[PDB]
Amino acid sequence: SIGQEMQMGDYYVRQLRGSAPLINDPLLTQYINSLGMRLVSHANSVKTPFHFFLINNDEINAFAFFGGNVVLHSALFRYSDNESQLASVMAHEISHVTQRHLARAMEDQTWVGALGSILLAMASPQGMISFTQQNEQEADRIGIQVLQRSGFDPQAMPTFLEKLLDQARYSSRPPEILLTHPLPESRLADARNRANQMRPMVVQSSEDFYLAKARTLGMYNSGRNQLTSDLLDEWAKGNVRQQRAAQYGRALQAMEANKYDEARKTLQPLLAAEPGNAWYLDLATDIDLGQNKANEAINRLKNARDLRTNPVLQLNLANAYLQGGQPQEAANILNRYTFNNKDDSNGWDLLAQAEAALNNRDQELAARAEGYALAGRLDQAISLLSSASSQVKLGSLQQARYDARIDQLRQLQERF
Amino acid sequence: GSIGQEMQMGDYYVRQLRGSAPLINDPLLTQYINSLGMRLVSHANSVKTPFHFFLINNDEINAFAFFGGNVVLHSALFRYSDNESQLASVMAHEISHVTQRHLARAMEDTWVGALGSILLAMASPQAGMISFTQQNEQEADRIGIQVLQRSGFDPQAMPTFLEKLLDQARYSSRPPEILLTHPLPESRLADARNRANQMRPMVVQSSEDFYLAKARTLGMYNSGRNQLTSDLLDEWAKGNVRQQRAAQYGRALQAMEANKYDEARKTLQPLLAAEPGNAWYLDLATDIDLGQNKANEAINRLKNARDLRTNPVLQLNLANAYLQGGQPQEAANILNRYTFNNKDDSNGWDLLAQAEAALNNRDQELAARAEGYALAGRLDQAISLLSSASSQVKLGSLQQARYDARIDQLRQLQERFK
Ligand SMILES: [Zn+2]
Ligand SMILES: [Zn+2]
């Protein structure tokens with residue numbers, strides 16, 4: 001049924017988090033899910049919630065499985081020249097889910113672990129899923145309709161397809177994206193026709209896209225996924241959005257190289273123009289904490305317009321409280337945060353740090369258990385909660401909470 | 001008014017003392033010395049003024065007093081005092097100098113500053129000097145021994161303490177400074193021994209606060225001859241069990257002074273387990289806790305204290321714990337009420353300045369540190385801080401009216417004396 005594949009989707013996500021190199025950056029996962037949910041917002045026959053994961057892998061690839069869980073390799077940011085092309089890849093994956101392509105592929109079939117090991121191998125940088133040409137024809141047709149309803153450029157799908165074919169037509173070994181997603185000339189030709197058949201729409205990539213590209217290529221450096229100064233030199237001559245993102249990108253690398261004084265005055269003009277922008281506020285806290293100016297980072301975030309609504313600002317201020325020697329205030333935010341974002345391991349780890357500083361050990365063990373549960377290590381999480389349940393009085397409310405959560409984790413184990 | 005003049009003349013000298021002499025401003029020690037002193041004053045005859053008792057970080061033994069019931073005791077008194085009744089006899093002796101107005105009556109025969117310069121030279125480790133007539137010293141011993149007795153102390157402690165001063169006046173090349181302000185001829189002694197012999201025999205035990213005060217004074221405020229010796233600590237390890245808890249307390253202090261915090265925490269544990277509610281070990285229990293950045297643990301323990309509403313030592317200890325814990329507002333809630341209930345306590349104002357600074361309430365920070373400067377006799381500097389405070393608030397506001405009013409008060413204190 002649908003309840004099992006949502007539950008089986010959680011299982012694959014948990015072991016993905018436990019061993020694949022997922023990017024857990026607040027701004028990046030917030031952007032990619034915001035953009036992804038915007039596309040789900042205009043998709044048909046959606047029977048599941050949707051979540052979008054970002055993987056630090058310089059090999060371009062994209063795939064999805066049960067429970068509406070979409071996996072995107074970080075290399076997609078360097079291949080996507082505009083926001084509509086990146087969305088073109090997501091709408092393709094989203095359609096793979098609503099059509100239940102992999103689901104029916106696994107209805108004709110130790111079987112869950114066999115696919116879990118395959119999904120894990122596709123995600124890690126170092127037996128692979130492939131879709132039939134019929135599935136891929138449907139995924140482009142329905143995908144381009146989701147993409148037009150979402151207010152992007154329908155022509156971005158064929159230009160992207162032609163971009164990758166023009167680069168991989170001759171290669172002995174094409175990129176992994178074309179093994180999971182076979183792109184013959186026939187599929188490209190049909191993609192270009194349906195794009196030609198609808199209306200022309202020239203859309204500007206959102207500001208958030210260009211800075212997501214800069215941060216992805218900037219902070220999550222690795223291998224071919226460096227942001228060469230070639231792209232930053234080019235963005236310095238581009239449109240008003242690409243020049244700001246260019247200077248944000250080098251303020252980012254200045255902070256990466258501990259050039260904190262250089263980073264502040266480099267980020268200087270952008271923060272003055274948009275003092276309530278999360279990307280600029282996030283980077284400003286990194287620079288302030290790197291120079292042991294925790295108070296200055298706290299006061300800026302406390303005056304932030306949407307601190308009370310934006311999860312990126314809450315995490316930044318909670319961490320600044322910690323570095324500022326105010327664990328209690330950090331815990332007050334993180335206790336609210338971890339219940340508003342139960343699956344966010346950043347919240348759970350920071351709460352564990354706050355509870356350690358406060359010497360509330362059973363609450364620290366409880367927070368540490370969530371990080372282990374989300375990473376698929378259920379036995380270890382059960383172990384921590386058993387310790388937490390042993391440090392509270394028998395018959396106490398807290399003991400009933402820990403014992404009840406152990407039951408949930410234990411029951412989650414017996415399903416697999 | 002003579003009593004009015006004497007009380008503000010005393011306040012002027014007390015403010016000069018705070019600003020230049022090395023006073024011990026520790027809550028536990030000042031509360032003990034004044035609790036012991038007030039217990040003597042409450043049994044003294046013809047007390048016409050309040051009394052305050054001050055402690056100097058000075059290894060030279062001396063004691064003296066002046067107008068307004070202000071008596072000054074050097075920390076060396078804990079080195080010479082074998083029992084609480086001996087220390088009480090010195091304070092009873094000095095209390096009687098005030099009630100008899102000896103220093104006041106001696107001065108009826110530039111002059112306000114001439115006496116103040118003498119007072120600080122005797123208190124400072126950098127030593128004119130006042131002296132009383134041996135008639136005056138007889139009245140102080142005669143009246144002091146009766147205050148000593150009505151207060152429940154050993155009257156034989158006074159001659160016993162006088163004789164220990166004489167055995168160092170010839171078995172040592174240095175006459176202890178106390179014997180020069182308070183001269184001790186054998187007649188003075190034989191008169192004292194006779195009176196004590198004619199009162200009731202009384203064997204009294206030193207309070208447990210005395211040994212802890214003696215340990216903290218010599219251990220934490222060690223200076224020169226004022227040491228907490230291993231010979232005395234091991235001697236206290238054999239005496240009554242009060243001295244053993246005090247001896248354990250002293251090594252916990254020195255283990256903390258040398259930043260051996262876990263060694264100190266583990267030494268202090270058995271005394272805290274027996275007496276979980278007394279301020280002495282509670283005070284250091286937080287001190288070691290914050291030495292390891294465990295401020296929450298110090299806070300939780302002090303919120304569970306019985307007498308937090310009544311004991312200033314507990315109130316400051318928790319306010320300081322809130323500050324190190326990163327909750328300055330909870331510290332300010334305590335300190336705003338604390339400073340109002342103890343306006344002459346500079347520890348309270350300094351902590352309020354810290355709390356208001358951490359809250360970025362700059363005008364209130366300046367006003368809090370203004371009180372510290374006013375208590376230290378730095379009235380020009382206090383006025384400067386309140387001038388800055390008044391310049392950061394709108395005119396016509398009450399903050400401005402209140403800051404400017406406080407400046408007016410400090411100016412009156414200023415013009416009363418040159
Ligand atoms: Zn596909
Ligand atoms: Zn005398």
# chains A, B, ... in the order shown; residues from 1 in each chain; ligands from 1
call {"tool": "interface_residues", "arguments": {"of": "chain A", "to": "chain B", "cutoff": "9 Å", "atoms": "only C-alpha atoms", "output": "PyMOL selection string"}}
result
chain A and resi 321+324-329+357-359
call {"tool": "write_last_selection", "arguments": {"atoms": "C-alpha atoms", "output": "short mmCIF file (atom, residue, chain, number, x, y, z; two decimals), in the first residue's frame"}}
result
data_model
loop_
_atom_site.label_atom_id
_atom_site.label_comp_id
_atom_site.auth_asym_id
_atom_site.auth_seq_id
_atom_site.Cartn_x
_atom_site.Cartn_y
_atom_site.Cartn_z
CA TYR A 321 24.36 31.50 21.94
CA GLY A 324 28.67 33.04 23.46
CA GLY A 325 28.47 30.98 26.64
CA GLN A 326 24.67 31.16 26.95
CA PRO A 327 23.59 27.51 26.67
CA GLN A 328 20.19 28.14 28.28
CA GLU A 329 19.01 30.56 25.58
CA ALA A 357 26.72 22.56 28.60
CA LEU A 358 23.73 22.74 30.96
CA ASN A 359 24.65 19.34 32.47
#
call {"tool": "residues_near_ligand", "arguments": {"ligand": "ligand 2", "cutoff": "10 Å", "atoms": "only C-alpha atoms and all ligand atoms", "output": "JSON, numbers by chain"}}
result
{"B": [63, 64, 65, 90, 91, 92, 93, 94, 95, 96, 97, 102, 131, 132, 133, 134, 135, 136, 137, 138, 139, 140, 141, 144, 178, 179, 180, 181, 182, 183, 184]}
call {"tool": "write_last_selection", "arguments": {"atoms": "C-alpha atoms", "output": "compact mmCIF listing (two decimals), in the first residue's frame"}}
result
# COMPACT_ATOMS: atom_id res chain seq x y z
CA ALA B 63 43.06 47.44 65.73
CA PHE B 64 41.59 50.94 65.96
CA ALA B 65 38.33 52.84 65.62
CA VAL B 90 39.94 42.91 70.90
CA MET B 91 36.67 44.05 69.31
CA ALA B 92 35.14 44.61 72.75
CA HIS B 93 38.25 46.65 73.60
CA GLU B 94 37.86 48.75 70.46
CA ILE B 95 34.07 49.06 70.86
CA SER B 96 34.61 50.60 74.30
CA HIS B 97 36.98 53.21 72.85
CA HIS B 102 38.18 58.49 73.57
CA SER B 131 47.98 56.52 70.74
CA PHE B 132 45.63 56.33 73.72
CA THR B 133 46.45 57.24 77.30
CA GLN B 134 47.01 54.25 79.55
CA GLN B 135 44.04 55.56 81.52
CA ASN B 136 42.02 55.31 78.29
CA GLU B 137 43.28 51.74 77.82
CA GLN B 138 42.16 50.85 81.35
CA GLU B 139 38.61 52.05 80.67
CA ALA B 140 38.59 50.11 77.40
CA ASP B 141 39.69 46.95 79.24
CA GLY B 144 35.42 45.77 77.25
CA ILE B 178 48.93 47.16 68.02
CA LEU B 179 51.05 47.74 71.14
CA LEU B 180 51.93 51.26 69.96
CA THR B 181 48.35 52.45 69.42
CA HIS B 182 47.33 50.41 72.52
CA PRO B 183 50.29 50.40 74.94
CA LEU B 184 50.63 47.39 77.22
call {"tool": "closest_atom_pairs", "arguments": {"of": "region 144-258 of chain A", "to": "region 31-55 of chain A", "cutoff": "6 Å", "atoms": "only C-alpha atoms", "output": "Markdown table"}}
result
| residue | atom | partner | partner_atom | distance |
| --- | --- | --- | --- | --- |
| A:146 | CA | A:43 | CA | 5.3 |
| A:149 | CA | A:42 | CA | 5.9 |
| A:150 | CA | A:39 | CA | 5.8 |
call {"tool": "write_last_selection", "arguments": {"atoms": "N, CA and C atoms", "output": "compact mmCIF listing (two decimals), in the first residue's frame"}}
result
# COMPACT_ATOMS: atom_id res chain seq x y z
N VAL A 146 4.63 20.06 -15.42
CA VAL A 146 4.81 20.54 -14.05
C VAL A 146 5.68 21.78 -14.05
N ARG A 149 3.67 24.95 -15.36
CA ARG A 149 2.74 25.40 -14.33
C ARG A 149 3.44 26.08 -13.16
N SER A 150 4.73 25.79 -12.96
CA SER A 150 5.49 26.35 -11.85
C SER A 150 6.14 27.69 -12.17
call {"tool": "atom_distance", "arguments": {"atom1": "CA of residue 266 (chain B)", "atom2": "CA of residue 311 (chain B)"}}
result
25.6 Å
call {"tool": "residues_near_ligand", "arguments": {"ligand": "ligand 1", "cutoff": "10 Å", "atoms": "only C-alpha atoms and all ligand atoms", "output": "ChimeraX atom specification"}}
result
/A:62-64,89-96,101,130-140,143,177-183
call {"tool": "write_last_selection", "arguments": {"atoms": "N, CA, C and O atoms", "output": "short mmCIF file (atom, residue, chain, number, x, y, z; two decimals), in the first residue's frame"}}
result
data_model
loop_
_atom_site.label_atom_id
_atom_site.label_comp_id
_atom_site.auth_asym_id
_atom_site.auth_seq_id
_atom_site.Cartn_x
_atom_site.Cartn_y
_atom_site.Cartn_z
N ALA A 62 20.77 11.92 -10.62
CA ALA A 62 19.53 12.22 -9.91
C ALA A 62 18.64 10.99 -9.94
O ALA A 62 18.56 10.31 -10.97
N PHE A 63 17.98 10.70 -8.82
CA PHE A 63 17.10 9.54 -8.74
C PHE A 63 16.14 9.74 -7.57
O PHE A 63 16.34 10.59 -6.70
N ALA A 64 15.09 8.92 -7.56
CA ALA A 64 14.05 9.03 -6.55
C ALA A 64 13.49 7.65 -6.24
O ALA A 64 13.60 6.72 -7.05
N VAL A 89 15.39 19.08 -14.00
CA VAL A 89 15.84 17.78 -13.51
C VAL A 89 14.93 17.29 -12.38
O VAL A 89 14.65 16.09 -12.27
N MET A 90 14.44 18.21 -11.55
CA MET A 90 13.58 17.81 -10.44
C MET A 90 12.21 17.37 -10.93
O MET A 90 11.70 16.33 -10.51
N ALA A 91 11.59 18.16 -11.81
CA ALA A 91 10.29 17.77 -12.35
C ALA A 91 10.35 16.41 -13.03
O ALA A 91 9.37 15.66 -12.99
N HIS A 92 11.49 16.09 -13.65
CA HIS A 92 11.69 14.75 -14.20
C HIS A 92 11.62 13.69 -13.09
O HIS A 92 10.88 12.70 -13.21
N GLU A 93 12.37 13.90 -12.01
CA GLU A 93 12.34 12.96 -10.89
C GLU A 93 10.96 12.92 -10.24
O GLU A 93 10.46 11.83 -9.91
N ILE A 94 10.33 14.08 -10.04
CA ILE A 94 9.01 14.13 -9.44
C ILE A 94 8.03 13.29 -10.24
O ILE A 94 7.20 12.57 -9.67
N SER A 95 8.12 13.35 -11.57
CA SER A 95 7.22 12.56 -12.40
C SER A 95 7.50 11.07 -12.28
O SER A 95 6.58 10.25 -12.35
N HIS A 96 8.77 10.70 -12.09
CA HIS A 96 9.10 9.30 -11.82
C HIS A 96 8.36 8.77 -10.60
O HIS A 96 8.05 7.58 -10.53
N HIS A 101 7.16 4.75 -11.24
CA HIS A 101 7.93 3.97 -12.20
C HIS A 101 8.75 2.89 -11.51
O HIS A 101 8.66 1.71 -11.85
N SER A 130 18.22 1.78 -13.62
CA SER A 130 18.01 2.39 -14.93
C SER A 130 16.53 2.30 -15.28
O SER A 130 15.87 1.30 -14.99
N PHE A 131 16.01 3.35 -15.91
CA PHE A 131 14.61 3.43 -16.30
C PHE A 131 14.45 3.14 -17.79
O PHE A 131 15.33 3.47 -18.59
N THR A 132 13.32 2.53 -18.15
CA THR A 132 13.07 2.22 -19.54
C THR A 132 12.76 3.49 -20.33
O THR A 132 12.40 4.53 -19.76
N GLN A 133 12.91 3.40 -21.64
CA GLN A 133 12.65 4.55 -22.50
C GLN A 133 11.19 5.00 -22.43
O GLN A 133 10.92 6.19 -22.59
N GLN A 134 10.25 4.08 -22.19
CA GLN A 134 8.86 4.50 -21.99
C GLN A 134 8.73 5.34 -20.72
O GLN A 134 8.18 6.44 -20.76
N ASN A 135 9.27 4.85 -19.60
CA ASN A 135 9.26 5.62 -18.36
C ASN A 135 9.87 7.00 -18.56
O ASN A 135 9.36 8.00 -18.03
N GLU A 136 10.97 7.08 -19.31
CA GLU A 136 11.66 8.34 -19.53
C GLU A 136 10.90 9.26 -20.47
O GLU A 136 10.95 10.49 -20.31
N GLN A 137 10.19 8.69 -21.45
CA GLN A 137 9.33 9.51 -22.30
C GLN A 137 8.21 10.14 -21.49
O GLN A 137 7.94 11.34 -21.62
N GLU A 138 7.55 9.35 -20.65
CA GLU A 138 6.51 9.90 -19.77
C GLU A 138 7.10 10.91 -18.79
O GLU A 138 6.49 11.95 -18.53
N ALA A 139 8.29 10.64 -18.25
CA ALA A 139 8.86 11.53 -17.24
C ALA A 139 9.19 12.90 -17.81
O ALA A 139 9.16 13.89 -17.08
N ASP A 140 9.50 12.98 -19.11
CA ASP A 140 9.76 14.27 -19.73
C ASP A 140 8.47 15.01 -20.06
O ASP A 140 8.37 16.22 -19.85
N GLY A 143 6.83 15.92 -16.86
CA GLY A 143 7.74 16.82 -16.17
C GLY A 143 7.74 18.22 -16.74
O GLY A 143 7.80 19.20 -16.00
N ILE A 177 24.39 10.19 -14.94
CA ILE A 177 23.04 10.69 -15.17
C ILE A 177 22.42 10.05 -16.40
O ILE A 177 21.21 9.80 -16.44
N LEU A 178 23.23 9.74 -17.42
CA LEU A 178 22.73 9.16 -18.65
C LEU A 178 22.60 7.64 -18.59
O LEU A 178 22.01 7.05 -19.50
N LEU A 179 23.14 7.00 -17.55
CA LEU A 179 22.93 5.57 -17.35
C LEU A 179 21.60 5.32 -16.66
O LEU A 179 20.83 4.45 -17.07
N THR A 180 21.32 6.07 -15.59
CA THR A 180 20.00 6.01 -14.97
C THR A 180 18.93 6.58 -15.88
O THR A 180 17.79 6.10 -15.87
N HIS A 181 19.28 7.59 -16.68
CA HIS A 181 18.32 8.34 -17.49
C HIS A 181 18.79 8.34 -18.94
O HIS A 181 19.40 9.31 -19.40
N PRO A 182 18.51 7.27 -19.68
CA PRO A 182 19.05 7.14 -21.04
C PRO A 182 18.48 8.20 -21.97
O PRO A 182 17.27 8.41 -22.03
N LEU A 183 19.37 8.87 -22.71
CA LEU A 183 19.01 10.01 -23.55
C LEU A 183 19.41 9.71 -24.99
O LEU A 183 20.46 10.19 -25.47
#
call {"tool": "closest_residue", "arguments": {"among": "A:209, A:374, A:68, A:141", "to": "residue 342 (chain A)", "atoms": "only C-alpha atoms"}}
result
A:374
call {"tool": "residues_around", "arguments": {"residues": "residue 390 (chain A)", "least_positions_apart": "4", "cutoff": "9 Å", "atoms": "only C-alpha atoms", "output": "number ranges by chain"}}
result
A: 362, 385-386, 394, 399
call {"tool": "write_last_selection", "arguments": {"atoms": "N, CA, C and O atoms", "output": "compact mmCIF listing (two decimals), in the first residue's frame"}}
result
# COMPACT_ATOMS: atom_id res chain seq x y z
N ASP A 362 20.38 13.38 31.01
CA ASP A 362 19.34 12.56 30.38
C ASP A 362 18.74 13.27 29.18
O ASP A 362 18.40 12.63 28.18
N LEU A 385 18.68 6.15 24.92
CA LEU A 385 17.43 6.41 25.63
C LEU A 385 17.29 5.53 26.86
O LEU A 385 16.73 5.96 27.87
N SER A 386 17.80 4.29 26.79
CA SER A 386 17.80 3.43 27.97
C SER A 386 18.63 4.04 29.09
O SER A 386 18.25 3.98 30.27
N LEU A 394 11.57 6.20 38.64
CA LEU A 394 10.58 5.24 38.15
C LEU A 394 9.18 5.78 38.43
O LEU A 394 8.88 6.23 39.54
N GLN A 399 10.56 9.40 32.42
CA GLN A 399 10.80 7.98 32.20
C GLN A 399 9.76 7.39 31.27
O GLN A 399 10.08 6.55 30.41
call {"tool": "closest_residue", "arguments": {"among": "B:143, B:199, B:246, B:395", "to": "residue 44 (chain B)", "atoms": "only C-alpha atoms"}}
result
B:143
call {"tool": "residues_around", "arguments": {"residues": "region 337-339 of chain B", "least_positions_apart": "4", "cutoff": "7 Å", "atoms": "only C-alpha atoms", "output": "PyMOL selection string"}}
result
chain B and resi 333+343+348-349
call {"tool": "select_by_dssp", "arguments": {"residues": "region 21-117 of chain A", "states": "alpha helix (DSSP H)", "output": "PyMOL selection string"}}
result
chain A and resi 26-40+76-79+83-98+101-105+111-117
call {"tool": "write_last_selection", "arguments": {"atoms": "C-alpha atoms", "output": "PDB file, in the first residue's frame"}}
result
ATOM      1  CA  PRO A  26      20.485  24.892   6.472  1.00  0.00           C
ATOM      2  CA  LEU A  27      20.389  27.314   3.532  1.00  0.00           C
ATOM      3  CA  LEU A  28      20.966  24.694   0.840  1.00  0.00           C
ATOM      4  CA  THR A  29      18.449  22.089   2.013  1.00  0.00           C
ATOM      5  CA  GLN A  30      15.944  24.899   2.618  1.00  0.00           C
ATOM      6  CA  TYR A  31      16.401  26.202  -0.936  1.00  0.00           C
ATOM      7  CA  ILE A  32      16.297  22.856  -2.734  1.00  0.00           C
ATOM      8  CA  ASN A  33      13.182  21.745  -0.830  1.00  0.00           C
ATOM      9  CA  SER A  34      11.530  25.137  -1.322  1.00  0.00           C
ATOM     10  CA  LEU A  35      12.172  24.891  -5.061  1.00  0.00           C
ATOM     11  CA  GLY A  36      11.138  21.232  -5.082  1.00  0.00           C
ATOM     12  CA  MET A  37       7.903  21.754  -3.149  1.00  0.00           C
ATOM     13  CA  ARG A  38       7.107  24.612  -5.535  1.00  0.00           C
ATOM     14  CA  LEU A  39       7.169  22.027  -8.328  1.00  0.00           C
ATOM     15  CA  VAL A  40       5.182  19.456  -6.335  1.00  0.00           C
ATOM     16  CA  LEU A  76      23.769  19.475 -10.750  1.00  0.00           C
ATOM     17  CA  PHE A  77      24.560  23.041  -9.654  1.00  0.00           C
ATOM     18  CA  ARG A  78      27.579  23.402 -11.947  1.00  0.00           C
ATOM     19  CA  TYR A  79      25.711  21.878 -14.913  1.00  0.00           C
ATOM     20  CA  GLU A  83      17.217  27.868 -12.308  1.00  0.00           C
ATOM     21  CA  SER A  84      14.762  26.412 -14.834  1.00  0.00           C
ATOM     22  CA  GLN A  85      17.296  23.785 -15.948  1.00  0.00           C
ATOM     23  CA  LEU A  86      17.844  22.660 -12.353  1.00  0.00           C
ATOM     24  CA  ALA A  87      14.069  22.500 -11.885  1.00  0.00           C
ATOM     25  CA  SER A  88      13.860  20.575 -15.172  1.00  0.00           C
ATOM     26  CA  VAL A  89      15.840  17.779 -13.506  1.00  0.00           C
ATOM     27  CA  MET A  90      13.581  17.811 -10.441  1.00  0.00           C
ATOM     28  CA  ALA A  91      10.289  17.774 -12.352  1.00  0.00           C
ATOM     29  CA  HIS A  92      11.686  14.749 -14.196  1.00  0.00           C
ATOM     30  CA  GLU A  93      12.336  12.962 -10.888  1.00  0.00           C
ATOM     31  CA  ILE A  94       9.009  14.131  -9.436  1.00  0.00           C
ATOM     32  CA  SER A  95       7.218  12.563 -12.399  1.00  0.00           C
ATOM     33  CA  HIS A  96       9.102   9.298 -11.824  1.00  0.00           C
ATOM     34  CA  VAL A  97       7.405   9.214  -8.407  1.00  0.00           C
ATOM     35  CA  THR A  98       3.848  10.204  -9.356  1.00  0.00           C
ATOM     36  CA  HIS A 101       7.928   3.973 -12.202  1.00  0.00           C
ATOM     37  CA  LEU A 102      10.338   2.296  -9.789  1.00  0.00           C
ATOM     38  CA  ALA A 103       7.365   1.030  -7.770  1.00  0.00           C
ATOM     39  CA  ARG A 104       6.016  -1.043 -10.670  1.00  0.00           C
ATOM     40  CA  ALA A 105       9.580  -2.058 -11.532  1.00  0.00           C
ATOM     41  CA  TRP A 111      14.688  -7.579  -1.680  1.00  0.00           C
ATOM     42  CA  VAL A 112      14.507  -4.308   0.268  1.00  0.00           C
ATOM     43  CA  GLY A 113      18.156  -4.570   1.283  1.00  0.00           C
ATOM     44  CA  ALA A 114      19.120  -5.367  -2.306  1.00  0.00           C
ATOM     45  CA  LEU A 115      17.650  -2.070  -3.532  1.00  0.00           C
ATOM     46  CA  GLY A 116      18.864  -0.171  -0.474  1.00  0.00           C
ATOM     47  CA  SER A 117      22.426  -1.242  -1.236  1.00  0.00           C
TER      48      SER A 117
END
call {"tool": "residues_around", "arguments": {"residues": "residue 245 (chain B)", "least_positions_apart": "5", "cutoff": "10 Å", "atoms": "only C-alpha atoms", "output": "PDB file with C-alpha atoms, in the first residue's frame"}}
result
ATOM      1  CA  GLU B 208      32.182  26.901  63.881  1.00  0.00           C
ATOM      2  CA  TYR B 211      37.430  28.514  62.474  1.00  0.00           C
ATOM      3  CA  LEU B 212      36.035  28.802  58.943  1.00  0.00           C
ATOM      4  CA  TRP B 236      43.399  21.310  63.384  1.00  0.00           C
ATOM      5  CA  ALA B 237      43.154  17.741  62.042  1.00  0.00           C
ATOM      6  CA  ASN B 240      37.742  19.145  67.979  1.00  0.00           C
ATOM      7  CA  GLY B 250      41.204  25.228  54.116  1.00  0.00           C
ATOM      8  CA  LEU B 268      34.788  19.758  49.937  1.00  0.00           C
ATOM      9  CA  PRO B 270      31.961  15.395  52.751  1.00  0.00           C
ATOM     10  CA  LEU B 271      31.440  18.732  54.527  1.00  0.00           C
TER      11      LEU B 271
END
call {"tool": "decode", "arguments": {"residues": "region 239-263 of chain A", "atoms": "C-alpha atoms", "output": "CSV table (one decimal), in the first residue's frame"}}
result
chain,number,residue,atom,x,y,z
A,239,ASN,CA,23.2,40.5,-14.4
A,240,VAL,CA,22.5,42.3,-11.2
A,241,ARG,CA,21.8,39.0,-9.4
A,242,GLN,CA,25.0,37.2,-10.6
A,243,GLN,CA,27.3,40.0,-9.5
A,244,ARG,CA,26.0,40.0,-6.0
A,245,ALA,CA,26.3,36.2,-5.8
A,246,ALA,CA,29.8,36.5,-7.2
A,247,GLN,CA,30.9,38.7,-4.4
A,248,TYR,CA,29.1,36.5,-1.9
A,249,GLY,CA,31.0,33.6,-3.3
A,250,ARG,CA,34.4,35.1,-2.7
A,251,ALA,CA,33.4,36.5,0.7
A,252,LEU,CA,32.6,32.8,1.3
A,253,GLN,CA,36.0,31.5,0.3
A,254,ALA,CA,37.7,34.3,2.2
A,255,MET,CA,35.9,33.0,5.3
A,256,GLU,CA,36.8,29.4,4.3
A,257,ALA,CA,40.5,30.4,4.3
A,258,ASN,CA,40.2,32.1,7.7
A,259,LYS,CA,40.6,35.6,6.0
A,260,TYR,CA,37.9,36.9,8.3
A,261,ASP,CA,38.8,40.6,8.1
A,262,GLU,CA,38.8,40.2,4.3
A,263,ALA,CA,35.5,38.4,4.4
